[PDB]
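Residue numbers (the authors' numbering), protein chains in the order written: chain A, 2 to 301; chain H, 2 to 155; chain O, 116 to 118, 123 to 172; chain V, 160 to 212; chain U, 54 to 106; chain F, 1 to 131; chain Q, 120 to 236. Just below is one structure, and these are the notes that go with it.
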Amino acid sequence: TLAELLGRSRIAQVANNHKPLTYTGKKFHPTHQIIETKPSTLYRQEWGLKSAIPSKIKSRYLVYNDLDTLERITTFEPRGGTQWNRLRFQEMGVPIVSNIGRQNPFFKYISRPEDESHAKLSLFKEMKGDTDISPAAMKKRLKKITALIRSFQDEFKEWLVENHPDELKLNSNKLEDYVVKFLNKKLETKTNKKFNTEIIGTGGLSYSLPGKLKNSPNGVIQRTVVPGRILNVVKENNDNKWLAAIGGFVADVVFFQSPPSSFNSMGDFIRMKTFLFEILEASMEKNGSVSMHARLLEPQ
Amino acid sequence: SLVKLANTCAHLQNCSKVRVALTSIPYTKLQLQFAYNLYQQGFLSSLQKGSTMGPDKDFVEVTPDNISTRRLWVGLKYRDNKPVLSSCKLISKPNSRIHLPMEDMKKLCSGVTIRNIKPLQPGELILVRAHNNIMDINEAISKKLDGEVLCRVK
Amino acid sequence: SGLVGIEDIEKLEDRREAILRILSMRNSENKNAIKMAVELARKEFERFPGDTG
Amino acid sequence: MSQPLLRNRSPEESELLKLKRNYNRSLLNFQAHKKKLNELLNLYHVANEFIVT
Amino acid sequence: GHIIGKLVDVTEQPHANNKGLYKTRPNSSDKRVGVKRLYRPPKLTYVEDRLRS
Amino acid sequence: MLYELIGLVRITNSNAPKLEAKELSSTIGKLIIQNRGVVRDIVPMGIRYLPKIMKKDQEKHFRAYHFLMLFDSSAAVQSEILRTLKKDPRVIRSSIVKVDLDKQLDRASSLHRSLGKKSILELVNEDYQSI
Amino acid sequence: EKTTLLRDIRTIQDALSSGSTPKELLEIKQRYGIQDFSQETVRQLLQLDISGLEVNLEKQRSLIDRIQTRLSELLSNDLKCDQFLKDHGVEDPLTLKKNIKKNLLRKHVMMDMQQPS
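Structure below.
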């Protein structure tokens, strides 16, 4: 049918997005899907959207929100520059590593309940992970849940007197433990936030596995040298490290011992010059940012 | 209720102007008889019992439990960019009811204005109610019945 | 499940006195008194339990 | 056209209808009664902090 | 494949609801004519859209 | 009815700042409990500087001890308390606002409700189950 | 009578746990009529009507649910329906209409769950 075809169409494949096309806050990862048109289609203003893109647009990449609007225009920005940030990261050949030594999210590992010993930490995270929830929809998590949990009273009024009667007659320190486990055991079958929207690992920035060496005609590369730019002429206030702009990413640069004298000389125009850096490590934070650490390699 | 019938006649005119193919009217015996006459005379394409949400696909017995949610669904006809049912007006009004003998009904169908009722025009349908049954005026004249002249449809 | 003793009766009597002062009709709004009157009147005239119309 | 416009409720259907309607009214009265007692219990728990003497 | 224009009658809801009450009469929503829904272009939805997001 | 009194007592003696406030709370509390009333809470608010220099009984004030008193009484008793407060030279400013009890019997003071604690049970249960 | 329920119930629970039998108890056996002082007599002095309502409501809900399931199942199986009618005293139930016979089924299902109970 036409409905089945539409669901699989290339326009349907792009997930709905109404995020501001002009965002002036902190950008940590791509927010809009880049759309690309071939040169032949660009010559005919064809982008696979509802309407022809204005001929003024010479780029072959754009990002859009709405196919059409009440203003009879498409809401789009003729830019595709997050792809070059990803490709420049690939050229630096620095694998993303976990600073906490967690399991690789891209491998199906056999995990155990080692961290499941915090059942009361996360079972209540469902009601306590409400940092940005409505004052009454969050309050609907109190009566709606109370009835659901209160429907298991008979089950827990028999299991507890049949599996741990001593605790019911001695102390509740262990009873509370049996309660946290009971709900989770009766909730694993349930589907509360069965889909987790948190970023998985690198988020797609890099699928490179650590360990491989870079062979070169001049031997194996031991230190990665990448051109960059120093943004500030004074270390980040309250931090012992300056900031550099390397390959579309802002990194924290650690200097060997001293800061080169071009800093004082250049001053606030230090960003006008290019220095050579060494990328020590690259980490991923939960906000979806990349924590790139560099080192200002100076001619010596 | 003649008031309900007036509401239906006005409703059908409104629907014809916008050219909706399907609309609903209140579910009552008078409304059903009125709609059935229009259907047999070729003013309505379809006549189905249903609910407030739409015509019933399978028979749904009407009881006090669902009577308040029952509706009659009628299909309007349009040919050659013109509505087949252009006008629908009452003759006998709630505040002035008109009962005519069969002799006066024959005069109305013969070009004579009776009690200010304009005579029957070519291609027009005038309905009459006699003993709670609705029929065309020509049929009432055939059965020698006296009745209330309810409405005229064109 | 047992093996702070019990509360003095004078303390339990004061808890009762606080509950009866808070729920006293003589300390509440006049509308609450009228609501009670409506219930009393309804039950003297109802045809059956639940007849309100 | 031949179908009857309305079918009256059978005496049995009216009996089951009355059972459900009586149950609906009774359940709401009970649930409101229990809610009030649960509020009276939560007020007893705090009446030790209230002053009447 | 959702059906448009179908009204669920009280006879089709014999069991109690999530509140514990039986439905014995049509509600206000059931008594409003819904002809407009027959003519409003239906909103096309797909499960795949949820996974894509 | 539940009422919330906010009174600004005068600090005459800098050595005994919380003296007239204690004497006043006892006077008001005794009126309430001696007329079928209940005193639910007494929340001191401390010495604060008045937004301006205020006057009362041919005297001027630049500071006052703020205190809140949540009490349950009848309308007639509430008006009697307000009349005594408006006449006492100690009291600089006094306001009595009704706290609606239509939906729940146990309401905390506005100060506490502003902090998310809606009932006195929530305040007490956070001083026993976690203290 | 200055005596209060709480105090009286605190003597019937201390005298029953200490063995003392002051004449107050005999009086209390007249104030309340509770001749015997046991743990199952204070529980019957403090009974609240709400408790009875909670059980009557469950019986009411049971009856409705049972009547509906019974008739629902009976109608699903025409063979078990025809037998059902004959067993209850219907003559040739097979030769009956849907409405003329569903009313009999409803009258019987409500005569097998309300008359036997």
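For each residue, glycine too, the CB sits at the ideal point set by N, CA and C.
Identity of the residue in the options nearest residue i by Cα
i                      : options                    : result
residue 198 of chain V : O:158, O:125, O:141        : O:141
residue 140 of chain H : H:17, H:46, H:103          : H:103
residue 265 of chain A : A:235, A:277, A:241        : A:235
residue 145 of chain H : H:23, H:84, H:25, H:105    : H:105
residue 55 of chain F  : F:5, F:10, F:23, F:42      : F:10
residue 65 of chain F  : F:127, F:97, F:112, F:43   : F:43
residue 287 of chain A : A:233, A:201, A:69, A:231  : A:201
residue 165 of chain Q : Q:131, Q:205, Q:142        : Q:131
residue 144 of chain A : U:102, U:87, U:72          : U:72
residue 212 of chain V : F:46, F:47, F:39           : F:39
residue 78 of chain A  : A:173, A:33, A:189         : A:33
residue 263 of chain A : A:299, A:184, A:14         : A:299
residue 85 of chain U  : H:92, H:67, H:113          : H:67
residue 127 of chain H : H:2, H:149, H:133          : H:149
residue 151 of chain A : A:184, A:255, A:166, A:208 : A:184
residue 68 of chain U  : Q:125, Q:184, Q:150, Q:127 : Q:184
residue 92 of chain H  : H:151, H:41, H:28, H:20    : H:151
Beta-carbon spacing of residue i, residue j below 9 Å
i                      : j                      : result
residue 94 of chain H  : residue 86 of chain H  : no
residue 52 of chain A  : residue 75 of chain A  : yes
residue 89 of chain H  : residue 18 of chain H  : no
residue 94 of chain F  : residue 8 of chain F   : yes
residue 45 of chain A  : residue 63 of chain A  : no
residue 55 of chain H  : residue 22 of chain H  : no
residue 73 of chain H  : residue 49 of chain H  : yes
residue 271 of chain A : residue 233 of chain A : yes
residue 91 of chain F  : residue 24 of chain F  : yes
residue 64 of chain U  : residue 183 of chain V : no
residue 135 of chain H : residue 38 of chain H  : yes
residue 24 of chain H  : residue 87 of chain U  : no
residue 236 of chain Q : residue 182 of chain Q : yes
residue 227 of chain A : residue 248 of chain A : yes
residue 186 of chain Q : residue 228 of chain Q : yes
residue 97 of chain U  : residue 7 of chain A   : yes
residue 222 of chain Q : residue 172 of chain V : yes
Under 7 Å by beta carbon: chain U residues contacting residue i
i                      : result
residue 179 of chain V : 75, 77
residue 176 of chain V : 77
For residue i, the residue or residues it bridges with in DSSP
i                      : result
residue 64 of chain A  : A:78
residue 252 of chain A : A:245
residue 25 of chain H  : H:74
residue 39 of chain F  : V:210, F:71
residue 134 of chain H : H:131
residue 222 of chain A : A:215
residue 228 of chain A : A:277
residue 1 of chain A   : Here chain A has residues from 2 to 301 only, and residue 1 of chain A is not among them.
residue 100 of chain H : H:149
residue 7 of chain F   : F:67, F:94
Amino acids of chain F, ordered along the chain, whose beta-carbon sits closer than 8 Å to that of residue i
i                      : result
residue 134 of chain O : Under the 8 Å cutoff, chain F gives no residues; its nearest Cβ is about 11 Å from residue 134 of chain O.
Contacts of residue i in chain U (Cβ-Cβ under 9 Å)
i                      : result
residue 14 of chain A  : 101, 105
residue 187 of chain Q : 67, 68
Contacts of residue i in chain Q (Cβ-Cβ under 8 Å)
i                      : result
residue 139 of chain O : Those do not exist, as residue 139 of chain O stays about 12 Å from chain Q at its closest Cβ, beyond 8 Å.
residue 128 of chain O : 125, 126, 129
Residue i: contacting residues in chain H (beta-carbon distance under 8 Å)
i                     : result
residue 60 of chain U : 52, 53, 54, 55, 70
Interface partners of residue i on chain V, CB under 8 Å
i                      : result
residue 120 of chain F : 205, 208
residue 104 of chain F : 198
Chain-ordered neighbours of residue i on chain O, where CB pairs are closer than 9 Å
i                    : result
residue 9 of chain F : Going along chain O, no residue has its Cβ under 9 Å from residue 9 of chain F, so there is no contact; the nearest lies around 26 Å.
Chain-ordered neighbours of residue i on chain O, where CB pairs are closer than 8 Å
i                      : result
residue 202 of chain V : 138, 141
Listed by chain order, chain H residues near residue i by CB distance under 7 Å
i                     : result
residue 89 of chain U : Going along chain H, no residue has its Cβ under 7 Å from residue 89 of chain U, so there is no contact; the nearest lies around 10 Å.
Beta-carbon neighbours of residue i, restricted to chain Q and to distances below 7 Å
i                      : result
residue 193 of chain V : 169
residue 131 of chain O : 125
Listed by chain order, chain V residues near residue i by CB distance under 9 Å
i                     : result
residue 30 of chain H : 164
### Segments assigned alpha helix (DSSP H), at least 4 residues, entirely inside the segment 120 to 144 of chain Q
124 to 130, 134 to 137
Report the start-end ranges of each alpha helix (DSSP H) in the segment 140 to 176 of chain A that is 4 residues or longer and not cut off at the edges. 141 to 151, 154 to 164, 166 to 171
Could you tell me which whole alpha helix (DSSP H) segments of length 4 or greater appear in the segment 44 to 109 of chain F?
75 to 87
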